[PDB]
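The first chain written gets the first letter, and so on, giving A, B, C, D, E, F, G, H and I; residue counts start at 1 in each chain.
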Amino acid sequence: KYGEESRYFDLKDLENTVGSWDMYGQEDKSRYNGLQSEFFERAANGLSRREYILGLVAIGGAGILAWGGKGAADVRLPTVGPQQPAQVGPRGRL
Amino acid sequence: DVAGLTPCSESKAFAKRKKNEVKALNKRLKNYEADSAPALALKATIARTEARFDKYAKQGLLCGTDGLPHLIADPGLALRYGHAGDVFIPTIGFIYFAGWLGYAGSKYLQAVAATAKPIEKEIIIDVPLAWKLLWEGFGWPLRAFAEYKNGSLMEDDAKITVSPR
Amino acid sequence: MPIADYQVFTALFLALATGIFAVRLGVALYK
Amino acid sequence: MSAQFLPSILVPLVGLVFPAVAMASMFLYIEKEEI
Amino acid sequence: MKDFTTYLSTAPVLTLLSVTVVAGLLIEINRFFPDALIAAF
Amino acid sequence: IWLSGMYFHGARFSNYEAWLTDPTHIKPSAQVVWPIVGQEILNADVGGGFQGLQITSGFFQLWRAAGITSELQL
Amino acid sequence: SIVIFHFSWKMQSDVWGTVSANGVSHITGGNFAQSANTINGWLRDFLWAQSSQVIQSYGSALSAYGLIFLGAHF
Amino acid sequence: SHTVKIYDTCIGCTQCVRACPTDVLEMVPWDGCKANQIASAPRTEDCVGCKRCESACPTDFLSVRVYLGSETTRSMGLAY
Amino acid sequence: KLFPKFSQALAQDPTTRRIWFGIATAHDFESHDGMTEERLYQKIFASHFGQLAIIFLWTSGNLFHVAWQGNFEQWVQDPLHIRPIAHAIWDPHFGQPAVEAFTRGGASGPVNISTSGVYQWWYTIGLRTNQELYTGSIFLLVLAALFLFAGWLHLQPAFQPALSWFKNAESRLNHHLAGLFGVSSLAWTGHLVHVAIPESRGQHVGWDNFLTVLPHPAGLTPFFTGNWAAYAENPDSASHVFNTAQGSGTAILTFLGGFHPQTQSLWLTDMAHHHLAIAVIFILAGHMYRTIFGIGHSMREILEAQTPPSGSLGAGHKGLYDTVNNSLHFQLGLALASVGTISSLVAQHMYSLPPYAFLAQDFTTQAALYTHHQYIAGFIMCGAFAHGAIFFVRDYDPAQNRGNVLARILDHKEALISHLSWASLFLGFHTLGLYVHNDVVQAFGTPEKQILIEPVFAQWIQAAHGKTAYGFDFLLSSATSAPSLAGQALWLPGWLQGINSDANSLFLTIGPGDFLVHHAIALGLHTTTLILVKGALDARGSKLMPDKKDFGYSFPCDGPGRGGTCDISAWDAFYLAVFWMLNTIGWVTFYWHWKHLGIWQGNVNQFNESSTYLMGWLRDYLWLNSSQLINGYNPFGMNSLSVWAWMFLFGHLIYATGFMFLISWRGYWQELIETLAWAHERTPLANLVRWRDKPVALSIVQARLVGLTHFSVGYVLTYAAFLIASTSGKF
């Protein structure tokens, strides 16, 4: 931008004249411990592929069906529980 | 009797309605003096109610099962059973007065349309001319029929602007 | 005589086949 | 009703699994750049 | 005086006066001839 | 002009004097309608031998707080 | 509108009422504290319950309020 | 990208050009009117569709017409 | 960014609008890229197949759910003391009181009470067990799959029908009148004679034994010999019990007329006879147009010959055959108008002449069916006029229709619109004036001053049908009149017995309230028609926009120039007419529901006295019948009506939400969205996430469509909830 004065436009430095700044980014490779980082990158080894990561989400879909067919009954959900008596209605109906 | 309707004179519901209205008015009147302003007003209302019911029963109006007057809107049916004053005669009266006002307005608009500045004549009405045209509008049926048979009451379709289809 | 479970299963399978035909028709319509 | 367990599995499938799958697929398809 | 009569002849003044006169005439007709349900002549 | 109309109506078509003697049972009223087409039914039995429309502007309370007492003052 | 509705219901359920040496008998019986937490309560216990006074005013002094109530709706 | 068209009914008053907020119209020489000039739309890609040019045309009917079509980042007036 | 595969211009849109318009223009095949007439017709044909399959699947699902979780078998034994079950309820959000409150018709758990009347219909056509319903559902499933395969097959080059095949109007009409209408009616008659009639007499006739059961004691001999009268020897006795053999008969083609004393519905033999006569007439009509057998008619010549002399109608109907055959919108508009009118006819005939057993006793089902069909008819009518406008702006050719009825009707469109406006103004002025006059006299405590005009014309027509409640003694009201003596021993006995009874809806008694409400209905119809006709006639252009046809059927506007051009397209006219259609249908349904509410409770005086003024409509109908509905759930508990109360509030919310899109316009939202975009582009952490499509405000036309959709949905949901809750909590 060459903003050394009141010039905020520069074709040779057009990158700085459009406000393309990281503002808060900072490159630094010294932080996470090597032993802990290895454990996590190892745990999430093949889970970096779209098909494989979607498979993990597919497990959540199976859990949803598992809850309806088993989880809902184990938490004693009112819909899966029993019913007590009934009513007749306005007139002589059921 | 026209369509299963009973005359209000022999209608029991009509008499019961009149009795109930007068009874309510007397109940309200009982909470006042004999010559005070509210008492006189209530007595006047009672007299008006009785006169209205008597007039409706005497005029030959037809009452239904609910005891309220019903109007017959059909020529012939109302003319042969004495109910022409229900809708027929009022129709004639309206048509006449409505045509009177409409014809007066039409004549005023056509008369001021020939002036050099008609818009001002429309926002600032000419009272003498409007009065004269209002008086002339009473003969609107004759004038309208004469203009229709004369051909001056209509504008040629070829002279009226129209959309480009 | 209420419908049995096998009847519901058969109806669901036939519905699956119908859905397959429907998706085929939809694919043909998209083209 | 026969097979009381069927609604408990079909309702979540049609209301939770199917809608999520359909929305994800539609979102991925309406922004493909080259279909 | 001419300008005053011209102002009195404007559309709003004439409209309000005409409506007032018609309303007054109708009110007095109903005051002297009340409950006129049908045209009894 | 509006204030003058309010005071005039409270002095000629109201029950303020009667309301002063019984402010807990007499309902304030400052409007009277003419009998033309059955509208006289709007003249409610507010109290104190008076018939009119019940008002909710609070003028009676204001006048009482100011010590009006009489209709001549209004 | 919501402000005035809140004020009306609150005063009719927790302030305005009568004293009978045994307590306070509010106009609506204090249903605001148990029904104002839902929209259905506002529609039924306030709009529907309190509207019976204006829809049943025909034939009385408040008939005008019943007429305007409809006219305004128009 | 809207479609802007100029018709021979134009009188070359140049009002539409002055009313354009994105500089889409211009006056070019012509010989069908007393003004000896006609309007043109060489930069329709910058037209937003405000129709300000039509509100300034005095001919009846309008000599300049704008037909809104495919919307772009410029025709939608988006600054983000 | 290329999802609108059918619109390359829309795919280039970098905003979210691309997605929106990508879904609202998916069925406008004529506007898609690289679209021809042959491909358009083929795509429409395949879409028709898909729609047919969807309808079959829907019917199969209804049958399966009734046979799996309903109480059809129990309802058959007690059709008057058991509430039909629609389907089960499996909602994890339900609480214990909700689960216990929704268990009604002897079900194992929470269920929904049916309101569509499928129970009465299936019971009247012969169905009795759950196995039959399951078999029907499976059959419909197979039929749907077959239609899907047909739709896919006709899309292949070897089975693709040519464009000329779609234009063969004579052949299509011949096959539709003789086969789609006649043969279908004949088959229905066969089913009624072989199953419905025997089943109603306590005799079971199914696929396993229909070949060993005689529909009539004298099988086929009287039919081929000509002694058709032998098929109406002894009909069902007046003391016959449905589904049993007491007081039964052997006739299969009667014409008693009226209603069954026990079921309060039309006789099955009468309906079978009706379908047989209809089938014969339709087949005969089907043998009219010319195909490839040297005989028949040519519609083009018939139209070209319908030119009255003196030039009163101009060129007559010259070129109309091509105008209808070439334009798909013209045919769609005609079909929609006819279908909507038939829907209204169906709604008006099912309540006055119940065709299903024990249907008149189900007050909830009758009201729901009438309201449903009336709303469907209104929407279809609006669509018919909308497509007529689309035709005028996209398929009308002035040179091809020069001098015919279309050009002439367009030549005097001003007179048409002017007279429609005058009729609407007259009806509105007087209906509102009479209602307000009655309201004012009622408020002042003087009901005797009400203007109650007796509907003498409608009463006269009723007397012409046999009603003797008005003392007219006209045609059917006089026993010595020629029409009375002609049908004295045919259908008049039952017809008169049913029309002179106040226990049914066959020509109900009318009074001043009916007069006022009918004029209000006339108002709604006239104004809706005025809006639609004005939009269709002015679609090509008006004085404010002479070249409107150049901008298409739908466009936002024409800018603020020339005084302003908001809502100037034909689409906008249809948009404004939808509100009026909803209002008219609302008035019609309100009238029907209130009258039947008073009739069912044996209190016709309530409607006869409170319907003459609007306060009675608001207090004695809306406020009075809303107590149970709004009490579905309260701080004390909940009942089975809580679903309707929630739907009531839901409809109110949707309607109010639509009010936003209707009142607020695009300008405020665009600036607001720009501010939101700036906020997102400047918020840390969230900067890592970007939008693929630039967020923009809804389009003007899109906003009008969204607002109208919300308004209509809220309207329908609110009325449905109120109607069902009011007529269900009492009966």
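Following the convention adopted for this analysis, a contact is a pair of C-beta atoms (placed from the backbone, for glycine too) under 8 Å apart; a residue touches a chain by one contact, two chains touch by 3 or more.
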Handout entry: Chain closest to the middle [Cα centroid of all protein chains]
Key = I
Exercise for the section: Looking across all chain pairs, point out the one with the most C-beta pairs in contact. Expected result: B-I
Exercise for the section: Could you please state the distance in Å, as a whole number, between where the Cα atoms of subunit A are centred and where those of subunit I are centred? Expected result: 46
Fill in the blank from the handout: subunit B to subunit F, mean C-alpha position gap in Å, rounds to 37
Exercise for the section: Report, in whole Å, the distance between the mean C-alpha point of subunit D and the mean C-alpha point of subunit H. Expected result: 50
Handout entry: Averaged-CA centre spacing for the pair subunit E and subunit B, given as whole angstrom
Key = 16
Practice task
Among the residues of subunit D, pick out those that touch two or more other chains and give their numbers.
Solution key: 1-2, 8, 11
Handout entry: Interface hub residues of subunit H, defined as touching at least two other chains
Key = none
Exercise for the section: Check each residue of subunit F and list the ones that touch at least two other chains. Expected result: 37, 41, 43, 45
Handout entry: Contact set on subunit I toward subunit H in their complex
Key = 9-10, 12-15, 17, 546-547, 550-551, 555-556, 558-562, 674, 677-678, 681, 694, 696
Completion exercise
Touching subunit I in the complex, subunit C uses residues 1-3, 7-8, 10-11, 14-15, 17-18, 21-22, 24-26, 28-31
Completion exercise
subunit D residues touching subunit A in their complex are 5, 8-9, 11-13, 16-17, 20-21
Exercise for the section: Please give the residue numbers of subunit B that touch subunit E in the complex, ascending. Expected result: 48, 51-52, 55-56, 59, 61, 69, 71, 85-86, 89-90, 93, 122-127
Problem - Of subunit I, residues touching subunit D in the complex - result: 1-3, 5, 19, 22, 68-69, 88, 90-91, 108, 692-693
